[PDB]
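Heads up, the chain below is alone and in the form deposited in one PDB entry; it's given as structure tokens.
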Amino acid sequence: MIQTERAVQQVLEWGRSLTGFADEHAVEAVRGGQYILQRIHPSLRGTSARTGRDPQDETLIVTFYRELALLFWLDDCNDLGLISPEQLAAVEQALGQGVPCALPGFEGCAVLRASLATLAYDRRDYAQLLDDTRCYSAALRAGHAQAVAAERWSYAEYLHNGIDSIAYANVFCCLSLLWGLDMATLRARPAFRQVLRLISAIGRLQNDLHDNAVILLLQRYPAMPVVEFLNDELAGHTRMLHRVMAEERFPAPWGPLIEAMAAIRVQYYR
């Protein structure tokens, strides 16, 4: 229910406590975040009586947008070198362990992680979010290494890393943390873990078509019709996802949520 610009202002307010944070980070966060929240709104309405978490709770909504902003900011920090390597390392340790940053200029890290901890419906989801953050950080730095001071790895390594760097796992975990979506339990299902990997691969492939899959393959296998291959790969991952989602029915709002992510395009938020 919170209005778009007020949400941006709330995200920006917190964002100023992070060196390198830009207005763009807050805007993208709210745009991507609203896209998702709007598509799972009908479902969240149905789980609300049970959980006690309101789909329109401003506190939950802005916290979610702040996590998205943090992820956008980190990606830029990593790729555009907005802060020093020492600072990025200190920031990633803090966000990955859930402790305050040891270097100054990044107070927002401790503040957001504390709110998430405090607001967690099922605290297992908070520990998972810290795990996903460490995976995200590792992937951003490994991907960044590849594009330059490297000797390109295999498409396999590329995709495995890109699945972590696309951060869909993080987004899902944060939503589960805030609205009590029981992701920690759902993960016990193999079909669930597999769809997580699939929607993440779908997102990584789509983003790169629109470390990058095309650039990597073309400069490693120039004769190879790279772009054709990838679209095929993307359609393949999509068929597998459709299959698994059919074979198994996940509790609400998971169906709508995965659907929303497959349909989302970097273009609608970036």
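Heads up: residue numbers just count along the shown sequence, starting at 1.
Per the record, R239 and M240 follow each other directly, and no deposited residue is missing between them.
On average the C-alpha atoms of 259 to 267 have higher B-factors than those of the other stretch, with 259 to 267 and 4 to 12 being the two compared.
Per the PDB record, of the two stretches 114 to 122 and 144 to 152, 144 to 152 carries the greater mean B-factor over its C-alpha atoms.
Among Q56, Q34, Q219, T51, the highest C-alpha B-factor recorded in the PDB entry belongs to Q219. Looking at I61, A69, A201, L209, the one whose CA carries the top B-factor in the deposited record is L209. When the modelled residues of the chain are ordered by their C-alpha B factor, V195 lands in the middle third. When all modelled residues of the chain are sorted by CA temperature factor, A188 is found within the highest third.
FYI, the form solved in complex with a small molecule isn't displayed, but the following is about it.
Taken together, the three residues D75, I166 and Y269 all come within 4.5 Å of the small molecule in the bound PDB entry, as judged by their closest heavy atom.
For the options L44, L68, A201, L60, the one in contact with the small molecule in the bound PDB entry, meaning a heavy atom within 4.5 Å, is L68. For the options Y136, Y126, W179, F106, the one in contact with the small molecule in the bound PDB entry, meaning a heavy atom within 4.5 Å, is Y136.
Although the partner is absent here, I36 is a contact residue: one of its heavy atoms lies within 4.5 angstroms of the small molecule in the bound PDB entry.
Not displayed here, the small molecule is approached by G32 to within 4.5 Å at the level of heavy atoms in the bound PDB entry.
Of the heavy atoms in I264, some are within 4.5 Å of the small molecule in the bound PDB entry. Taking the partner from elsewhere, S48 is found to have every heavy atom lying beyond 4.5 Å of the small molecule in the bound PDB entry. Figure note: of the listed segments 147 to 155, 92 to 100, 166 to 174, 179 to 187, the one touching the small molecule in the bound PDB entry, with heavy atoms no more than 4.5 Å away, is 166 to 174.
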